[PDB]
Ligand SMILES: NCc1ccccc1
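This document opens with one chain alone, in structure tokens, the form deposited without this ligand.
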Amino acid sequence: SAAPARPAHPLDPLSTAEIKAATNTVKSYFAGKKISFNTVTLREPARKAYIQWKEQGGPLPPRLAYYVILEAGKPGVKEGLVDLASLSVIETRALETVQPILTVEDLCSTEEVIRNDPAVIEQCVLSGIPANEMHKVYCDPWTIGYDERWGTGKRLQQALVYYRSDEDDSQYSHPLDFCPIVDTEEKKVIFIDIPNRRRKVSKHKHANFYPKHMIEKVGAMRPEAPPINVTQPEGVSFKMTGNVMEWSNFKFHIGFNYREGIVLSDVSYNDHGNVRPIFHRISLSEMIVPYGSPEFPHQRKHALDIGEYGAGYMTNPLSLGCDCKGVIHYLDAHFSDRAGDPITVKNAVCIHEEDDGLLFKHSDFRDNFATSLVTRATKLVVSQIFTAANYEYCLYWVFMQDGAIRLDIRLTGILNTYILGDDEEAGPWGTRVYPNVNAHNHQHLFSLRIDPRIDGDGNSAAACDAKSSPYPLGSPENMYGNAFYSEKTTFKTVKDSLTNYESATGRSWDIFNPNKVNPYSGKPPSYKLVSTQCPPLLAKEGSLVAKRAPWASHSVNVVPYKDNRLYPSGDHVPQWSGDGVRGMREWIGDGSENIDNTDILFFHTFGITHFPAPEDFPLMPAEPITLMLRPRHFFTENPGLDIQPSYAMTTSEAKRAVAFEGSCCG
């Protein structure tokens, strides 16, 4: 065989050899044409085919690569599939009216283009920067997002322009007032948005943050603190076999791609020999970061970072014991560059276990707590950190010893900033965080995609709302007015599922298997989503934000499963106006399809609303986001009780250590 070796596991990411085999296949299919590679990634097996292979002795699913290419002089993109075993293109089509994810190469070209463009140079000079100082001009290359002057007819970026007095400066204290529009493929500026009110470059010092800058600003650094050292002298408790993790009865596959970053698959829990599925797949599937200044051209700040840049493409190499402290297992990521050659991000994913405080404790007051049992918790963390120009997103998938799974996010990095004139008011749409610096209001919203398989196939979802009894105070049914219950609304059709978090009921959502019954409680096994960082989408209905991110206007969206329903703002996000039946809008359809007791997909919108303050500048302290999926009625008792306690003494042990009798303590 001329073909690449098969992977250890059908969900493993393409290897570097597979990537090059796929791009050689595609270049040969398009021989004589000038093409460049935008995406070369695993096309995961169909859900049915994977489960049949894994659990039913079924066929080996074909090993497939999905590609996206551009061709010089042709609009839009072509996409397709390569069958790796046969080195052949098996599906292909041209999409002339979309634009694809912006890769690191696509973006890294823009600053050159603007520094050399005569119209940009003229605007720099009008803004107070001499023409021979263009090396001091920088830009963060953004997708244009959407601009109704061009649609998808050209592939465009917008350059958010800044100035550095010295290369070691943090540029964000010195935005310029104007916004060049760049044709990515022609490498040319095609327009510059210039405000009606000109604001020249700030004359203030840069707002810097390295130690040499801090010594100048505040006089000295704090002395190094005494260390806190973490060691695991007998190694770790988890076991990896390729990308497959085993830890504390969990087993799952750790995948990775250019767009979602980490993808956790085939998640099960070994309940005393009974290996019980939980999720087929869980990942972040899209984001949107909509800014809240209505002034032109700031409507074009609403990056969909996952679909427009890629949480894999943006991911940082983590080594070593700075980002991830302790004893660490790393994974690398592999992509294609534009030439079709593999590229590697070393140490893209960090895996480790950490102390997580107490798992459970109880002591008996009767012998003054001599009867006591204490068990400490350990958590497993699978992490990446990606950089979207100014911001850093730190992602932590956390498994815990009560069977819960949590996603923790920490936001850090730098505020997006725009220039503020000397006498200009930033509010109500932003904050003056430093002289002449306006940090606009914004949200950070994420779409968690869960493909559940709670205790096996055939699942449903529900909203669970705490409610007082409807019977009044002083009735026979509620004499003292204290009765309350959980109202469970099972979603029958897609439209039923379109629901928001509600503080008035402390709403949670269940994902459950209606085919099974817990023998104690009589309720179906479930994982419960406990999530309260669930902002409303503030942009209004019919806005460009709401149209491009149809998923973001509800906290929960549940649709039928179909293969290839990954990305809820569509497969090719940049420059889509938000008009059309694609992504989540397609999957919702008329709202009528069944989602009760079937294969479903559960997409959860969560995140934060950010009103900047000076504490966030020039570099932002981490701000946390979290959500939890908790087993409820899944087990018949606390699943962690077979973990050896940290301390345990029974009543009979404590007695030995020292009419009817009362309490020992009486």
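Throughout, rigid core stands for the largest set of C-alpha atoms superposing within 1.5 Å between the two forms. All residue numbers refer to positions in the sequence shown, first residue = 1.
Engineer: Stretch 318-326 versus stretch 523-531: after rigid core alignment, which one is farther off in C-alpha RMS in 7 other deposited structures of this protein?
Structural biologist: So, of the two stretches, the farther one in 7 other deposited structures of this protein is 318-326.
Engineer: Would you say which of 569-577 and 102-110 moves more relative to the shown form in 7 other deposited structures of this protein, going by RMS C-alpha distance with the core superposed?
Structural biologist: Between 569-577 and 102-110, greater C-alpha deviation in 7 other deposited structures of this protein belongs to 102-110.
Engineer: Between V658 and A659, count the deposited residues left without coordinates and pick a bin: none, 1 to 3, 4 to 9, 10 or more.
Structural biologist: Per the record, 10 or more deposited residues are absent between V658 and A659.
Engineer: Looking at the deposited entry, does 217-225 or 408-416 carry the larger mean Cα B-factor?
Structural biologist: Higher of the two, by average CA B-factor, is 217-225.
Engineer: Would you determine, from the values in the PDB entry, which of 490-498 and 269-277 has the greater average C-alpha temperature factor?
Structural biologist: Going by the record's values, the stretch with the higher mean is 269-277.
Engineer: Quiz for you: based on the deposited Cα B-factor, which of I192, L473, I90, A549 is highest?
Structural biologist: The listed residue with the largest C-alpha B-factor is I90.
Engineer: Pick out which of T609, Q56, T39, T598 has the highest C-alpha B-factor in the PDB entry.
Structural biologist: Of the options given, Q56 has the highest CA B-factor in the PDB entry.
Engineer: Considering only modelled residues of the same chain, in which third does the CA B-factor of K78 rank: lowest, middle or highest?
Structural biologist: Ranked within chain, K78 CA B lands in the middle tercile.
Engineer: Based on the entry's values, in what third of the chain does the Cα temperature factor of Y527 lie: lowest, middle or highest?
Structural biologist: Answer is lowest: the recorded C-alpha B-factor places it there.
Engineer: Where does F30 sit by CA temperature factor within its chain: lowest, middle or highest third?
Structural biologist: According to the entry, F30 has a C-alpha B-factor in the chain's highest third.
Engineer: Once the chain's modelled residues are ordered by C-alpha B factor and cut into thirds, is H444 in the lowest, middle or highest one?
Structural biologist: For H444, the deposited C-alpha B-factor lands in the lowest third.
Engineer: Could you look up the Cα B-factor of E392 in the entry and say which third of the chain it sits in: lowest, middle or highest?
Structural biologist: Within its chain, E392 is a lowest-third residue by C-alpha B-factor, going by the deposited values.
Below, we turn to the form solved in complex with this ligand, even though it does not appear here.
Engineer: Choose one stretch from 319-327, 215-223, 68-76, 141-149: the one whose residues place a heavy atom within 4.5 angstroms of this ligand in the entry with it bound.
Structural biologist: Comparing against this ligand in the entry with it bound, the contact stretch is 141-149.
Engineer: What is the one choice in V113, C394, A389, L284 with a heavy atom within 4.5 Å of this ligand in the entry with it bound?
Structural biologist: It is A389.
Engineer: Exactly one of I343, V382, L107, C534 has a non-hydrogen atom within 4.5 Å of this ligand in the entry with it bound; which residue is it?
Structural biologist: Flagged contact: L107.
Engineer: Applying a 4.5 Å heavy atom distance criterion, does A303 contact this ligand in the entry with it bound?
Structural biologist: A303: contacts this ligand in the entry with it bound.
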